[PDB]
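Trainee: Chains as they are written, first to last, in PDB author numbering: chain B, 1 to 296; chain F, 4 to 140; chain a, 7 to 668; chain E, 2 to 412.
Quick one: the structure is below, and I'll ask about it shortly.
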Amino acid sequence: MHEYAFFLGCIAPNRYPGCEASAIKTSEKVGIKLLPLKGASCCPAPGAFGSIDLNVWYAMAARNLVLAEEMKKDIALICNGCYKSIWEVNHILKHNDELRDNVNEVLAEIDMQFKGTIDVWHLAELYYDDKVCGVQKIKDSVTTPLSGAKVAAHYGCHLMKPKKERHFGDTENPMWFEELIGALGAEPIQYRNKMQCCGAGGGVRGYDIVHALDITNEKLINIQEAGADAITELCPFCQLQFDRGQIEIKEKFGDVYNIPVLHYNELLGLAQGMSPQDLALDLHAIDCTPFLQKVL
Amino acid sequence: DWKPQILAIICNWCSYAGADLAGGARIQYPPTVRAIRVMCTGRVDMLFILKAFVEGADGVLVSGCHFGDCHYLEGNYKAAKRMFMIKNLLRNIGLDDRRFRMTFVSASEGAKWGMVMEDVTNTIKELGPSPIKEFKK
Amino acid sequence: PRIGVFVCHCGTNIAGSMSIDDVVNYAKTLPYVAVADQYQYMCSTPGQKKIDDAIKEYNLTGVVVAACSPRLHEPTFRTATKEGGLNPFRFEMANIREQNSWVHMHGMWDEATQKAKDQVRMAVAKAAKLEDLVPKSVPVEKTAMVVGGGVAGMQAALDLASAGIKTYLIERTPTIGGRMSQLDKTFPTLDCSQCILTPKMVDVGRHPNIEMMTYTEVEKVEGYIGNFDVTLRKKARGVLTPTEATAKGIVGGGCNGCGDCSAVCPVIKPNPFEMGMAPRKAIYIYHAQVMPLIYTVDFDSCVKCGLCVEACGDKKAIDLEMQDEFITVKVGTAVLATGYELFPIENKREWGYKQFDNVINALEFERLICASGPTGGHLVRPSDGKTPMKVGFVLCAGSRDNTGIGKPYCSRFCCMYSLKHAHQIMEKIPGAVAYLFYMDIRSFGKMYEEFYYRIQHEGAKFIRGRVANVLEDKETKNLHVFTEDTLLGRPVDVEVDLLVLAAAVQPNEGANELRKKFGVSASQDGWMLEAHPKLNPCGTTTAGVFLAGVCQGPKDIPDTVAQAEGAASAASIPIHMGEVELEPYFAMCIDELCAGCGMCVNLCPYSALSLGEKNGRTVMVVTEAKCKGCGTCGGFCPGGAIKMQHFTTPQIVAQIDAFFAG
Amino acid sequence: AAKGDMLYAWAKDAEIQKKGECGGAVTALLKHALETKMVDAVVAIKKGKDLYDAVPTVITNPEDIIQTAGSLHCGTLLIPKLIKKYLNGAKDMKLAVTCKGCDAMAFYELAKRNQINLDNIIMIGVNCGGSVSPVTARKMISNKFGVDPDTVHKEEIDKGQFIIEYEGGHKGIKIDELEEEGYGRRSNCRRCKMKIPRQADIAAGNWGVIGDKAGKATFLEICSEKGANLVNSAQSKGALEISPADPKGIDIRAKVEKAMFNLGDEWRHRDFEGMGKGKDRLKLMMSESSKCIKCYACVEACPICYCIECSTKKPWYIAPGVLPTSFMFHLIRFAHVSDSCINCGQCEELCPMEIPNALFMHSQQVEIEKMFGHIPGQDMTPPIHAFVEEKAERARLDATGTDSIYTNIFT
Ligand SMILES: Cc1cc2nc3c(=O)[nH]c(=O)nc-3n(C[C@H](O)[C@H](O)[C@H](O)COP(=O)(O)OP(=O)(O)OC[C@H]3O[C@@H](n4cnc5c(N)ncnc54)[C@H](O)[C@@H]3O)c2cc1C
Ligand SMILES: Cc1cc2nc3c(=O)[nH]c(=O)nc-3n(C[C@H](O)[C@H](O)[C@H](O)COP(=O)(O)OP(=O)(O)OC[C@H]3O[C@@H](n4cnc5c(N)ncnc54)[C@H](O)[C@@H]3O)c2cc1C
Ligand code: SF4
Ligand code: SF4
Ligand code: SF4
Ligand code: SF4
Ligand code: SF4
Ligand code: SF4
Ligand code: SF4
Ligand code: SF4
Ligand code: SF4
Ligand code: SF4
Ligand code: FES
């Protein structure tokens, strides 16, 4: 049973707690142990806080990293934006000496040092790796087939891009996340421009809601045209956009889709037999009941 | 009263070309190193280096082609093995082995030749006068 | 010994960095120096006259010139030393410009003067110990080899043969012609490629002075400028030419190219000439215009069914049990003309080359548009066989790219061939529109700008924007090309029926292996390197090897042919003379110091050293022709039994001693 | 009997078996080879005078090898260089040579450099726990043992102590105690670790012989097919008796060999740190080497020095008449020999000026060895500079993790 510190940023615990609950339960069912991070905070959200000040972005991400450093554990994440912040600041401060120095003399005011000893993983990346739980182990753990459901994957942008800074391979047409959805028994479908941004990154969600919603609506149109019955995602930002933004699209525009948006951990819980009440699917703006009727 | 005496033995086909290119491009560096110009660095016998160090070279530099880029297919592998062994001998006779180094400078690296010149001069200046000159007496 | 020291000013390039007067007075007070003197331009005729007058007056044994680099002016001053009654090799330079002045210009003058005095002292010390050498002259075999049967190889072979030298033309493939045989029409004149080349293919095939050896490779090369012992692998073609059949005893003949064999062969495989678009049997020719019309058998795919031999009948041209024969050929010079291949553009995933059906590259487009190709010359969509009406051309596909996937250089001809293809589609399909997504149209050659003007006049759309990514419509299989029109200032989404990628070119497959066999180095770009990038673009640093064609860097057919004839001329220079002088830097074994240990023998890359019998003692023997003067053996030998002719240990040690003299 | 067998061997002839130090198997094998005409001569050591004088001898009459029987512990000489100089390198005649570990290593060094013919030479190797200089042994016996040295009959290093047999009885003193007091084995013998010459054709010793044969049997290890043939021929013609060795004997032979390795390591340590470090080692080396009077005994005695004319004799390296000679003289030997020094000690012990040539050279050799991984004198592996390899050179440059040869090479 591999053990990881569970970073747990802002949106999953405070808006979609079923995501974190299913994360812990399903990760324990497969051979992974997710340990609470002691006093972790907002990973300085890369858009809304990196746009303001890169130095304080570095300092806060480094503080989050040195918490798990003192814990002597590897970070595990469930958010693409949190992955950007944590993993990328870890990678930058493992190689840039003057930035290490600057962050360290900022952190020395709170009796705290960064040395760069741990690694950062996304939970879906762990589920895909073969050393850690693999696709076959996921298939083994699945107990409810979830058959006869068309499911559209949204990769997001901060997990895989830029490919010159990550290690997940092709960004033009990846299929790895489609294999994790196929392990659950749901057939993943392909839609036009599947690698498009959801529109919520960089603080655009806050600065220009209509612009962000138009970017989201382009995706929703493509997904409905494909014929999806739900949208899996690996990011609480993207889930919030696809969930709230459907309501804001219904009100600001006149478009109705009613497409449930679920984190992959929530689908994994559904596959492994967790209850909808135990997943808190009532906390989503868009009702999941048609999808539950199909897969149950 | 003291100026470092550094001697370089540079091959004709990459290190001499690189030094010439640095000169042509007008890259300045201090005037402390004087060169010998053999055809390949395979020509450099160990006794050349040891003779330099016993005459009183504060430093010795041997510059040649990159591995795989010798004009004569493999003559700088022989030189590299010889200079590794020379580094070992100087360490065990108690002379400071950082007085000697072997750099691989291509025909197009005039800038790198200038940087090598500067770094060799700096290192020998830190090290100081060689001890042989007073140990002889 | 009596040495003269002549210090050049180089026209203030040296006098503006040091004190030439002080250097000259120091040279006068140096030991062994008879005369020291200075001049403004020692490389000029008054400078050589000054050297010669000094030699005659002062009875000089050797000459030291404190001037520019030896790599620039050894031949000049060696000839000046010869003219004057000395050996050319009693001369030594002291580089006090490119290694003293130009690097110690600013704010440091007496330091540069001291460096110059040191360099002059070391040069005088070496020259006081130099002695007479005579360059070795070696005979040159009167044959030549041309590796590559493309336009550059064929032009070089024809040029050498018509100059009268017997020539070998080695081609790995069963036919000569190269890429130009695959081209359909040619820019900027729109001539048919095969029509203009077939005359020259026939000339090569008929020339009595050319030994055309198709379907053959170069296993190994040893030797030098004089004699290159080149071993060739005659791959098992499986079919006999009439000459070989008569030699083996079959009077009725060999292969006449009737085609019955391929009419009955049941195996069907892709044709590499047609870039895989077209079928060909196990026994086959690339196209109907191949020069040796001899019908290779593909032994990796033949099932030995024996139908081909029954079809061939009494001609008996097919030998299904043939094996790779090896031949050793002695040649005087060699010309390398290996050409190029298209860079693998499936690595650029944003342009769905392998993943979308209707995305092709420019050689596949050229085969699709040729009238002899898999189609009847009709461009049709690969996805469904329908005629396109909008065609996009992605220029710079994988080129001028610093991301590590593509090539950082320009492929030279891809702007021109994309213009040609746009013209061809707009004239062959009525109402079709060509869109060129370009980033610097490069029409630099003769009539190229006029060709560009004419294409725009016929109505190709030029959108200045590098393509960002390509999406495939799920149903119509149409391709959505996304970029920005940089001049218009807006993003665009052009939906085309067919997308053509103008991919970069790279050195052919196996070219690095062949150039390592011949001893040629590579460029920064990865192409074969030339002797001097400006004034010698054909010859290489290894003597007797010359470059021709795209193998030295991408070029159009005109530039390729000019380069090929230049290489043929350079390869003919030593063959016509019949003599060639080697540089007397050889190793010479001093036998009554050799102990016969034999340890130096393995230190020679060229195998110039061996153990032999002289006066009962086993001593080492140098093949002075094979030696190249590197000095590895002579730097090894513990007993000092190997002497390097112009860089002897006493000379080098005298230089070291003079450096430490104060 | 076959290339790896470990045997007990003694001579059938009772007189040969008495005069052998152990069972006479080296003298029975040499006698058999000579008289059955495997070999045309035999190069062994005999006493020329008192047992402190060891004289090499080429023997062709099979009647003279009984005089060669017995081991002289004061025989500090080296045989293979004599075969190259005065027997034409054994290029035309077969020989059978009795040799210690240093003499086997020297055979292999000279055969690498093509100076002898190991196809012709047969090497019967003996175990060696150390040799004493004859004059130092005399002073040892006069002072520490309190005996007149001319009284001694035999003398041997057995169980790490120096047993002497004189008229009156026998005595014994620990060799470690003697070596602390300033006597004992030679310095290079204290540092030596070539205790069982497994590179020879046969290895004979008194280690591992236990029980009823503790002084009348030789432990033989057959180390090659040539030695197997010699032994089988001798046993069949009946000049030598063979019984398979005792497993307990094999075990304690291994233990004594291992303990000798450890002792050699300890002496290597204490000597090499006794030389100093940094500029102190340069003043030690330079002040010692300023004594050299250029007798060239070190060059003429070294097995690795095979050059017709030494570079130390060339006027562009060493000024011909300047007697307080340059440090270049010894730098030219460090450069040429230190990569393959077999620690024979001949250079140290033949120096009129008492310069620690072997100590300096071995101090350099041990870590040229741990750098390049080349053990001198074991087999036909070419010297490190006579065989340079492309892949290995890449490997040492990459291991430094550096673009040049400057640093990150040593710990
Ligand atoms: C799509 C496209 C269109 C083009 N259109 C034009 C045009 O319209 N006009 C124009 O002027 N130029 C055009 N060019 C450029 C033109 O093709 C080249 O200038 C020309 O072909 C160079 O010929 P080459 O002989 O140097 O090389 P190649 O034609 O490639 O010939 C090399 C030959 O050597 C052989 N070979 C390779 N390696 C070995 C080996 N190891 N041993 C033996 N043989 C070997 C190959 O099989 C081949 O036969 C075009 C290029 C492309 C890609
Ligand atoms: C200096 C020395 C130290 C030794 N130390 C040990 C030891 O610690 N442990 C051990 O087990 N064995 C040691 N031996 C070997 C020991 O003597 C063997 O047990 C013995 O050689 C067995 O042979 P043998 O009695 O059967 O034949 P022997 O009749 O003894 O034959 C001995 C052979 O050795 C030759 N010989 C004598 N002196 C020398 C010499 N100085 N150099 C070379 N050859 C010589 C003789 O000529 C003869 O051919 C040593 C030998 C020597 C010479
Ligand atoms: S010889 Fe060299 S330095 Fe002198 S004038 Fe000519 S180019 Fe200038
Ligand atoms: S049938 Fe025979 S002669 Fe005719 S093309 Fe085939 S191989 Fe040549
Ligand atoms: S043997 Fe059969 S498979 Fe081969 S070429 Fe002839 S017909 Fe074709
Ligand atoms: S020739 Fe034109 S299309 Fe080809 S790489 Fe250069 S600029 Fe791009
Ligand atoms: S020249 Fe030197 S290395 Fe070569 S065989 Fe003679 S002694 Fe040996
Ligand atoms: S100098 Fe020596 S090693 Fe080099 S090519 Fe000549 S003979 Fe061979
Ligand atoms: S050097 Fe070693 S093998 Fe030679 S006598 Fe001394 S201890 Fe024995
Ligand atoms: S043996 Fe001693 S004195 Fe004689 S040359 Fe060698 S070091 Fe000098
Ligand atoms: S240098 Fe001395 S100790 Fe080393 S092998 Fe030569 S003689 Fe023996
Ligand atoms: S020191 Fe060097 S040159 Fe002199 S004999 Fe020994 S190996 Fe030969
Ligand atoms: S040519 Fe420069 S190192 Fe060999």
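Backbone N, C-alpha and C fix where the C-beta goes; we use that ideal spot for every residue, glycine too.
Determine the direct distance from the alpha carbon of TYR297 of chain E to that of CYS68 of chain F, and round the result to whole angstroms.
Mentor: If you take the alpha carbons of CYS68 of chain F and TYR297 of chain E, they lie about 39 Å apart.
Trainee: Is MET195 of chain E near ligand 9, going by C-beta to nearest heavy atom under 7 Å?
Mentor: Yes.
Trainee: Report the CB separation of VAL335 of chain a from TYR174 of chain a in whole angstroms; it is logged as a contact under 8 Å.
Mentor: Indeed, because the Cβ distance is near 6 Å, the residues count as touching under 8 Å.
Trainee: Taking a cut-off of 6 Å, which residues have a beta-carbon closer than that to any heavy atom of ligand 4, in chain order?
Mentor: Taking each Cβ in turn, the ones that pass are a:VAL245, a:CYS261, a:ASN262, a:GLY263, a:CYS264, a:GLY265, a:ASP266, a:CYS267, a:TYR301, a:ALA317, a:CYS318, a:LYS321, a:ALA323 and a:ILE324.
Trainee: According to DSSP, is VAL397 of chain a helix, strand or coil?
Mentor: Three-state DSSP puts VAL397 of chain a in a strand.
Trainee: Nearest chain a C-beta to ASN104 of chain B closer than 8 Å, yes or no?
Mentor: No, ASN104 of chain B lies away from the interface with chain a (no Cβ there is under 8 Å from its Cβ).
Trainee: Who are the Cβ neighbours of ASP663 of chain a in its own chain at under 8 Å, not counting the five residues just before and after it?
Mentor: If we look at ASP663 of chain a and ignore the five residues flanking it on each side, its Cβ neighbours are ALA131.
Trainee: List, in order along the chain, the chain E residues whose C-beta lies closer than 8 Å to that of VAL659 of chain a?
Mentor: What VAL659 of chain a touches in chain E: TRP317 and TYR318.
Trainee: Could you tell me which residues DSSP puts in a beta bridge with residue 1 of chain E?
Mentor: What is shown of chain E runs 2 to 412, which leaves residue 1 of chain E out entirely.
Trainee: Just to check, is the beta-carbon of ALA129 of chain a closer than 7 Å to a non-hydrogen atom of ligand 3?
Mentor: No - ligand 3 has no heavy atom lying nearer than 7 Å to the Cβ of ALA129 of chain a.
Trainee: For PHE419 of chain a, count neighbouring Cβ atoms within 10 angstroms of its own Cβ and tell me buried if that reaches 16, exposed if not.
Mentor: The residue in question, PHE419 of chain a, is buried, as its Cβ has 16 or more Cβ neighbours within 10 Å.
Trainee: When the cut-off is 8 Å and only beta carbons count, does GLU187 of chain B lie next to chain a?
Mentor: With 8 Å as the cut-off, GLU187 of chain B does not count as an interface residue toward chain a.
Trainee: If you measure between the beta carbons of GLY584 of chain a and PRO145 of chain a, is that distance less than 8 Å?
Mentor: Yes, the Cβ-Cβ distance between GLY584 of chain a and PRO145 of chain a is below 8 Å.
Trainee: Note down, in chain order, all residues in the segment 155-180 of chain B with a beta-carbon under 9 Å from any beta-carbon belonging to chain a.
Mentor: Within the segment 155-180 of chain B, the residues whose Cβ lies closer than 9 Å to some Cβ of chain a are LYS164, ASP170, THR171, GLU172 and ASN173, listed in chain order.
Trainee: Do we get a CB-CB distance below 8 Å when we pair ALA387 of chain E with the residues of chain a?
Mentor: Yes, contact with chain a.
Trainee: Identify which residue in E:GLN200, E:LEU264, E:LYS4 and E:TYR9 has its Cα closest to the Cα of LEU241 of chain E.
Mentor: Nearest C-alpha to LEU241 of chain E: E:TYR9.
Trainee: Is there a Cβ of chain F sitting closer than 8 Å to that of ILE333 of chain E, yes or no?
Mentor: At least one chain F Cβ lies under 8 Å of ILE333 of chain E.
Trainee: Run the CB neighbour count on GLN190 of chain B, radius 10 Å, all protein chains shown included, and call it buried at 16 or more, exposed below.
Mentor: With fewer than 16 other Cβ atoms within 10 Å, it is exposed.
Trainee: Applying the criterion that 16 or more other CB atoms from any shown protein chain within 10 Å of the CB defines a buried residue, is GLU464 of chain a buried or exposed?
Mentor: Label assigned to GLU464 of chain a: exposed.
Trainee: Can the beta-carbon of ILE46 of chain E be found closer than 8 Å to that of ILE125 of chain E?
Mentor: No, these two residues do not count as a Cβ contact at 8 Å.
Trainee: Does the distance from the CB of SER134 of chain E to the CB of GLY76 of chain E come in under 8 Å?
Mentor: No, they are not a contact pair.
Trainee: Please tell me whether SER613 of chain a has its Cβ less than 8 Å away from any Cβ of chain F.
Mentor: It does not; no Cβ of chain F falls within 8 Å.
Trainee: Output needed for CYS129 of chain E: all residues of its chain with C-beta closer than 6 Å, excluding positions within five of it in sequence on either side, in chain order.
Mentor: Within the same chain, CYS129 of chain E has close Cβ partners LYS101 and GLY102.
Trainee: Cutting at 7 Å between CB atoms, please list the residues of its own chain near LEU296 of chain B, excluding the five before and the five after it.
Mentor: Within the same chain, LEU296 of chain B has no close Cβ partners at all.
Trainee: Do you know offhand how far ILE117 of chain E's Cα is from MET94 of chain E's?
Mentor: The straight-line gap from Cα to Cα measures roughly 11 Å.
Trainee: Taking 7 Å as the cut-off, is the beta-carbon of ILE84 of chain E closer than that to any non-hydrogen atom of ligand 2?
Mentor: No.
Trainee: Just the chain E side, please: which residues come within less than 7 Å of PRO134 of chain F by C-beta, in chain order?
Mentor: Those are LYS280 and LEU283, listed as they occur along chain E.
Trainee: Counting only Cβ pairs nearer than 7 Å, list the residues of chain E close to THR655 of chain a.
Mentor: Here the neighbours are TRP317.
Trainee: Quick check on DSSP: helix, strand or coil for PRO145 of chain B?
Mentor: Coil at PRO145 of chain B, not helix or strand.
Trainee: In whole angstroms, what separates the C-alpha of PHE653 of chain a from that of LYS140 of chain E?
Mentor: So the alpha carbons of these two residues sit roughly 55 Å apart.
Trainee: Count the other CB atoms, across all protein chains shown, that sit within 10 Å of the CB of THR249 of chain a; report buried if there are 16 or more and exposed otherwise.
Mentor: It is exposed - the Cβ of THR249 of chain a has fewer than 16 other Cβ atoms within 10 Å.
Trainee: Give me, in chain order, the residues of the same chain whose beta-carbon lies closer than 7 Å to that of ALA466 of chain a; leave out the 5 immediate sequence neighbours on both sides.
Mentor: Counting only Cβ-Cβ distances below 7 Å, and skipping sequence neighbours, we find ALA428, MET432, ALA440 and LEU442.
Trainee: If I'm right that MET650 of chain a touches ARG37 of chain F with Cβ under 8 Å, what's the distance once you round it to whole angstroms?
Mentor: Incorrect: roughly 21 Å between the Cβ atoms, too far for contact.
Trainee: Would you verify that the beta carbon of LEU136 of chain a is, or is not, closer than 8 Å to some beta carbon of chain E?
Mentor: For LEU136 of chain a, the answer is no, since every Cβ of chain E falls outside 8 Å of its Cβ.
Trainee: Establish whether the CB of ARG46 of chain F and some CB of chain E are separated by less than 8 Å.
Mentor: No - not a single Cβ of chain E is within 8 Å of the one on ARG46 of chain F.
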